[PDB]
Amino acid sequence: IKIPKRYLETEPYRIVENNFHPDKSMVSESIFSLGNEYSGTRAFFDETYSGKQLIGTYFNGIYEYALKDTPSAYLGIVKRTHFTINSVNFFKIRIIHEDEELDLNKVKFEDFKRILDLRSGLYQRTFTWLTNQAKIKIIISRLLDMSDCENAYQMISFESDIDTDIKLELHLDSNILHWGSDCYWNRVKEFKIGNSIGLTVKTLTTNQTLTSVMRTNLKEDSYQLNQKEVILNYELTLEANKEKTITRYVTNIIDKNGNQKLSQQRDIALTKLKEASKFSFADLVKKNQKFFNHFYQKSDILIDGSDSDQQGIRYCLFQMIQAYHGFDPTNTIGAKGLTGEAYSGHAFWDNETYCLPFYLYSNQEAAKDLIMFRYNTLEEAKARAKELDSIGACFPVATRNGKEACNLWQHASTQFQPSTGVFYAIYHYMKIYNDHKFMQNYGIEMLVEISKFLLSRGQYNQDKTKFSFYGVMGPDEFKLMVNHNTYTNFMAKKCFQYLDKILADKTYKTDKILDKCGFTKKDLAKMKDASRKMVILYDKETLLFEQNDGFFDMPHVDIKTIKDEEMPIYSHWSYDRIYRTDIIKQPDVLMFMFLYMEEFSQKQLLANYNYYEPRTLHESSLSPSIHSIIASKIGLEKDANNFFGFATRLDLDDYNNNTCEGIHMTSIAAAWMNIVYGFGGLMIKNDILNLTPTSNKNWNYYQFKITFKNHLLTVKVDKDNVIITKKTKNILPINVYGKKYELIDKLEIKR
């Protein structure tokens, strides 16, 4: 049983820390993180702080390899992981008063307040420095520009109760360490040109370059050009109870590929910086708010009867919007977004099978770009297939640059959920948008390459009457080197049948794509044969899928017999023990059933839920929400509510005790999923939007917003009524409690 550590104020539209909690230093850094997909910054202190901290600034796709190989005698095992790297700290300052440096870990201060405005991404930290004979009220404000994402803005104000002098230094610091251990940047240039100062830096080996420039609305008293560091010095005189303020403008221009002439990069960065400096910080808060107002009109969720859950869901939506908005078809979502170092800014199968749906119903360009990230890493997926003695495209378990970054053969050599996950993403995207051009130009190539991998890594049995995957692991990582994992075989067959439907569709031109992929008539015949002979362990009488061959007959352990002194499992059990029971980590059978809920009857879902849920430890960000969604679909209301539990609060109240490392991106997407797919009962079936709304015992009502076929729908669910509204004039047919209505303006349906 996990517990909340409630230390933050509950407001509907803001996260507020009342007083500084030093014990929550890194938790606060994670939670108050700013992000515009292109870049992100932990809520680390601008000024020197000598306590526990993780300074983190990241650019989506700016990465390095491990400094040395982990050796291996064996092929297909990763010798060199890679990770999104700590980049220039462009919020860094130093404040000195009468030889006393501001450092909230050593100095005396009061009335400390930390604010994240979910309406604007305004991050405001306020405190009163008791320094010698002065009370100095300091307010430091920051923004990442949501539209012009290369830009960040900082405002600093001082108000002394007496006349006094201070020194403010503004730094661009590219000497930052990653893994708290090494700097992954080499110097190229530092420069001051007119009122603008900046550096150009380059990664150790990935051939990536970054130029960071700043300028302010105040003439500096001096400046410094050091190695990978530039500083503007201000000698400021404060009049008693007169506010002195400065605004810092930052532009960061990255080249992720390494072909950009650095003189163009410098000129681009300086042009954009100059343009941005023409606006007040107050007007750039408004610019950010207008961006957030569009995304709240498309997707905001109202919860009545829980101030706690209202803040949590709106915080989750804010962090989903910060993680991704379709800025770059070569960007993806990390397991912690850009909010820390743990999980290396890596994409996992979670992006396609859990994060994608939020984007499908809010932002077509976002959803499309998450799939284009994978298109644009096809070549790495093909190289990875060759590392597994296969052909086609094997999408990796963990990656930013497209190559396998997971150095555990137990997962990297056995789990093809990322490959069928990219298939699923394309399928889901086409179910929502039917984007003929994406499928013609990108989707067919991707489906053919993935199919080629599954056809080469899949094998016929001894006598060639069956096709399956041998030596695999499904989503449930407590089963290693099993045969006939139903998730693996089912999703591979779905891919085969989807590719086969697309190649038979004559509105698509396939001859050059199949020729380019090396996909022949023999291949197509093998693919049809492999689809027909795929082992699916399914029983017509019990309605059960068997998770893998031999699963039902495994030694039984009742999860209720596992003590608290014994968790997590990997910390108290011998490594091998967890594999040789019927304890499941997360949805496996229930995963493919979630992904294809519309093809399973009430009784199939009930039968599989009743076998598998009681055997599931829920040791995954993915598990509770999936179980809640299935529970709601089969009318198990108590299970549905219990699994939802603290879905909106996991980071805010640090239920996992590791929010210090960064936010939990999949758990955040899960909260939206649990509300809309779970309580909402959202399903697209025969190209018609279906709702089956059920209650959360804790809420008087909830309301969500989704777009289908260019109709922005509002769905409000209370004890008595489902209220569905839209503003378009034309009929959208919708299914509610399995009956068909024609939505024009409003439908009120009695429960």
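The numbering used is simple: start at 1 and walk along the sequence shown.
Per-stretch averaging of Cα B factors for 80-88 and 235-243 places 235-243 on top. Here 167-175 and 469-477 are compared by their mean Cα B-factor, and 167-175 comes out higher. Set against one another, the Cα B-factors of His627, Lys585, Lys286, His411 in the record reach their highest point at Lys286. Annotation for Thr377, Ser620, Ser344, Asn610: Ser620 ranks highest, by Cα B-factor. The PDB entry assigns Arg649 a C-alpha temperature factor belonging to the middle third of its chain's modelled residues. Sorting the modelled residues of the chain by their CA temperature factor places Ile333 in the lowest third. The deposited CA B-factor of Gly61 belongs to the lowest third of values across its chain. Remark: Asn658 belongs to the middle third of its chain, ranked by C-alpha B-factor as recorded. In the PDB entry, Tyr49 places in the highest third of its chain by CA B-factor.
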